[PDB]
Amino acid sequence: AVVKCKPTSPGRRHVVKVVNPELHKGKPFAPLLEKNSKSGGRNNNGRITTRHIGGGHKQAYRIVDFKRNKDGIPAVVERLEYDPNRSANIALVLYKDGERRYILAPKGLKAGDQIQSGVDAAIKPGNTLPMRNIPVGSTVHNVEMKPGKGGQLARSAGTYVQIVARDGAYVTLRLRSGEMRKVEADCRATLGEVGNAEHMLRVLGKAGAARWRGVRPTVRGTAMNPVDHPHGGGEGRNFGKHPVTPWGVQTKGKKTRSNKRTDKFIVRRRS
Amino acid sequence: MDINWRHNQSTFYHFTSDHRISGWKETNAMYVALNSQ
Amino acid sequence: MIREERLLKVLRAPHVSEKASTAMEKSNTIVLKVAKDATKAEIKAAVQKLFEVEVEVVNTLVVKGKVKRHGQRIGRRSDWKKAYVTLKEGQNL
Amino acid sequence: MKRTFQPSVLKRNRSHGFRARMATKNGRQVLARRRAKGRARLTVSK
RNA sequence: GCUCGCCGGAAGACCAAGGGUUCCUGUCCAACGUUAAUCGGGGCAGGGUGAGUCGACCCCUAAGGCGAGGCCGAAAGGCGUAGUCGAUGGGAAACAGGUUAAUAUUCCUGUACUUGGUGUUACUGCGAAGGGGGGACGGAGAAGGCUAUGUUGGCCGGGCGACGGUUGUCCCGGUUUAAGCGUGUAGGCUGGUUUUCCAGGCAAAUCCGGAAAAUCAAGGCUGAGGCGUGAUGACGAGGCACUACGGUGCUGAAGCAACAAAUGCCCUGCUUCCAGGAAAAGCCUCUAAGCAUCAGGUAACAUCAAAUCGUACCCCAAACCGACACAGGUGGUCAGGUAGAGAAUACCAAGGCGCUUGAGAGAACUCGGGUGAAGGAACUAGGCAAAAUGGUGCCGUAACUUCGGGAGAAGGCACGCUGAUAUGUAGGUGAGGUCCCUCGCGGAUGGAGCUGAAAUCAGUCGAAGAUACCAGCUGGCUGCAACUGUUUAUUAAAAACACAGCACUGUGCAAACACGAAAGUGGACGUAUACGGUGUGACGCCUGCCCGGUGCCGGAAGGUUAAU
RNA sequence: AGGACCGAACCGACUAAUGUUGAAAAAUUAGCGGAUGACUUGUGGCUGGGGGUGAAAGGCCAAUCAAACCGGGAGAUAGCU
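Below you will find a few notes about this structure.

**Some remarks on the sheet that holds strand β9 (residues 128–130) of chain A**
Residues and elements named next belong to chain A.
Reasoning step 1: Reading across the sheet, the 7 strands line up as β9-β14-β10-β11-β12-β13-β15 and stay open at both edges, with antiparallel pairing between neighbours. Strands with a single pairing partner mark the edges of an open sheet, and in this sheet they are β9 and β15 (266–268). Geometrically, the sheet is characterised by an average inter-axis angle of 45° between neighbouring strands, direction not taken into account.
Reasoning step 2: In the sheet, β9 pairs with strand β14 (residues 188–191) via 3 bridges, with the strands oriented antiparallel. Bridge pairing in β14 places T128 opposite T190.

**Section: the pattern of salt bridges**
Reasoning step 1: In the structure shown here, the tally under the stated rule is 17 salt bridges over all chains.
Reasoning step 2: Between A:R257 and A:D263 there is a salt bridge whose closest N-O contact spans 2.4 Å.
Reasoning step 3: For A:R257, a relative accessible area of 37% puts it in the partly exposed group.
Reasoning step 4: Of the charged contacts in the structure, one is a salt bridge between C:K49 and C:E4, with a shortest N-O distance of 2.6 Å. Placement of C:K49 in helix α3 (residues 40–50) and of C:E4 in helix α1 (residues 4–8) is noted, with a sequence separation of 45 residues between them.
Reasoning step 5: The exposure class assigned to C:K49 is partly exposed, which follows from its relative accessible area of 46%.
Reasoning step 6: Via salt bridges that share partners, A:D65, A:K70, A:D97, A:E99 and A:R101 belong to a single interconnected network.

**Focus on the protein's contact with RNA strand F**
Reasoning step 1: The environment of RNA strand F is made up of 36 residues, and the closest members are A:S9, A:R216, A:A223, A:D228 and D:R14.
Reasoning step 2: Note that a phosphate oxygen of RNA strand F is positioned 2.6 Å from one of the side-chain N or O atoms of A:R216.
Reasoning step 3: At 2.8 Å, a side-chain N or O of D:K11 approaches a phosphate oxygen of RNA strand F.
Reasoning step 4: Of all elements in the fold, only α1 (207–211) of chain A, β2 (25–26) of chain B together with α1 (9–16) of chain D reach the threshold of two or more residues within the surface near RNA strand F.
Reasoning step 5: Partitioning the surface near RNA strand F into residue classes produces 11 nonpolar, 12 polar and 13 charged.

Parameters and conventions
- Residues numbered from 1 in each chain as written, not as in the entry; some residues may be left out.
- Chains lettered and ligands numbered in written order.
- Part of a larger assembly, values for the part shown.
- Heavy atoms only, no water.
- Pairing = 2+ DSSP bridges.
- Helix = DSSP H or I, 4+ residues; strand = E, 2+ residues; numbered from the N terminus.
- Axes fitted to C-alpha atoms, helices over the stretch in contact; angles between N-to-C directions.
- Salt bridge = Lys/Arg side-chain N within 4 Å of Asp/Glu carboxyl O.
- Buried < 20%, exposed > 50% of the residue type's maximum accessible area, 1.4 Å probe, protein only.
- Near = heavy atom within 4 Å.
- Polar contact = N/O pair within 3.5 Å; in protein donor to acceptor, adjacent residues only side chain to side chain.
- Nonpolar A, V, L, I, M, F, W, Y, C, P; charged D, E, K, R; others polar.

What follows is the structure in structure tokens.
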């Protein structure tokens, strides 16, 4: 659900926060946590490689099983927990043998819902099974690229992948971007679509809500100087140039995909 | 006893403060030049 | 045990002071300069041996040498180790 | 007025100390030039 | 030595960093001290820094550094695995009194505590580089119980007082006592016990987890404080005795209660909200291989060991950083009385200082202030500066608006002291005594005693009762920017930058892009509700026409065209 | 609850005066803004010269910045003084 806060403060005027009482309020599961240190956008050379990254709240990583290779054992979802490293929400799920895992939660998945995997798993949301065993045209998320690699497609909140046709060796997927690409048959995938589709409905409200998420200010090109950016100077709001990246590459229209290795899989491109 | 005297000269031999004469002497030369255009 | 040569090159000289005299007569302890690298174990075994007394415990410290100038030339006196050795009821030296 | 040199011997040893100079070849050229010139306090260790 | 003055949330005290003998005593005034100098942080000599418990060393790791092999690179070299190092973090234990001119959790007195090695006695399963638990920990808010600590009364000791009174509801001082041990509380957490089974915890496991029952409704964990012991000990106002007249030996009464109360403890808790909140070792269990009448482990007693290094002194400053004995800068800890909401402010307590030139004169002029006739911005670029407002409660408060605000809008009334209500109110706190149980650090009761606002009525004094310090000037029209923020350290704080919001564009993951000859890394342990770039900059109404030029995207027919 | 309100520590620097061979190579004095957050601060580390970093001034990078400092080519060159 979304709630509009009363504008008792000027910073609280335009903030709409997504509330969800179904999420857990207690501490997360201890043996599935590990250290995830902040990078600040700086690589091993220490130089800033991706800018505007820094600050923010401290985050602890949660090992989410994107592989789902535990096959044939029924599992029951314990609770739904917040994951700071993903837009979606994760589900702490307990298997029949008594060992717990974190799975990426679809829409209807709540506490007490059964989860099965394998060729014997039923066609209901949350169940993971090879793509050749999936009916054509159903809602599918957490899609592998190569078999056994772990889920790589339609991971973030509100996402889904539609199966257009099955060749038997390859399966054509209409991705969330509107791209049609071929994916080999035996990659595993999860039914349904992920359960945080209202995540795009929130608005941060103030500058501090973007700062404590780890995002720094993003100074624009025409306020720069000629020695830093191709845009700059002009004795007051002069642009007179084609818009480019800070390193001179033309933006706003120029295509820059030069992969030439996965071009055989792309059936048709997004538009 | 007075080696510091030889060294305490060597302070404004590499100054940069263009608003002051020889780095330390404050003047009105800014205004004088500004108006002497 | 500690062999004889080491135990010997350890006690250098006794230290004389009015703090030493009050420590000698009232608390029954002796303060004497020892070797630079000497430890409390080698110091205690020596005073048991060469001084035939009933040593109890050893308190040690090192005084950093004072900086003095001779004429105009500056210099630093050699730092020495200080040691408080204490005994039970018996002493004649 | 906080000035530039606020001392700390932990930073002082870690930046220009002897083990820092010996760690790379360029500091080895520095230590050679201290010896070639013949400076008494050739390093900043003590 | 007697006064006067200044600080007293410091200009007091203790430290860390930093300094490196400035610390203490004796001795001298060459130079240093912006003056004299007998003095000194100056010169010379001597002395002074005592640790199983303080800190370092040591075990463990964060950011990161190095990096056997490995990969890559003209060379030098770069990245990086296993490892290794790296506190600002986690790990065992000491407190009270006394002593020096200078040392104190170090020395002495008294009372403690912890960890290993070894021996003996008694029992019997020990045993990892592995598994699990624990270490393990976000912000804000709210009390409750406490304590530090302060006030008052009682008690003890002392005094009848320079000038009216003062044997009294009078005046002054003290009324202190730790660690540790035992008790177990105010609280907070968790249902407990037993049995059976299991695709998991790489193998294994009695341990973790999971699934079935039976049985009981209670145990367990954590936990401030108080209490008794420690402690018929120390300290104690003072007195006695010698006085190197500085002090030094001897002796020593009362040593309680009530109230108030922390930012300190319970509390690493409780409640609540998203921005969802270190690692590893020590520690507790589980076994594996092996050991298996051993090796070991466990409980009691005894004994040994706890090394090495720093311990002075300054540390908001004359001793560190500022070339100076410099109006500056410098992180942490303690924090009393009165008034006061308060760590503000004013005066004070303990404590420390009067700032390394003084003595006169009482010109102009300059700096810092006080007052002022009459006018009240006429000065000036400009109310710059100065002046004025200031607190609490109550009444009352407009246009406009995103309904929150505006707004402390504006504008008024009361404020001291004394008595009565009420020989101090409401309230808080609360003993004796009574009753009842598990039978205690208990439950109901009961009001002694202590504390104590707020208001009304009545009277009084002054020119003035928020009388001192402290402590909003207000309103109307309007440009710009939505706003909180950030910026040219050192002439520009803004209409500049940022910002949430919006739009375009790129990118299907070995992504785009960026750093790198490369390896590799960030992006991101993220996956188109994501990430990058560009432009605009909340919100409301909207964002019209033009693709000829340039750029970008799509096209391949034809013309031109490289090496070959 | 609040990038809430008033106001100390703390952070900063809007106005004026003094100072400007200063007490000080940017301060003092009277006022002033923020003061639970995009806050502030101690300790250590990381990013380096046509490079870093920058809520963007061409600012900061050891009182030095439209290309730091030190040494070297170097006795650069100077139709100029």
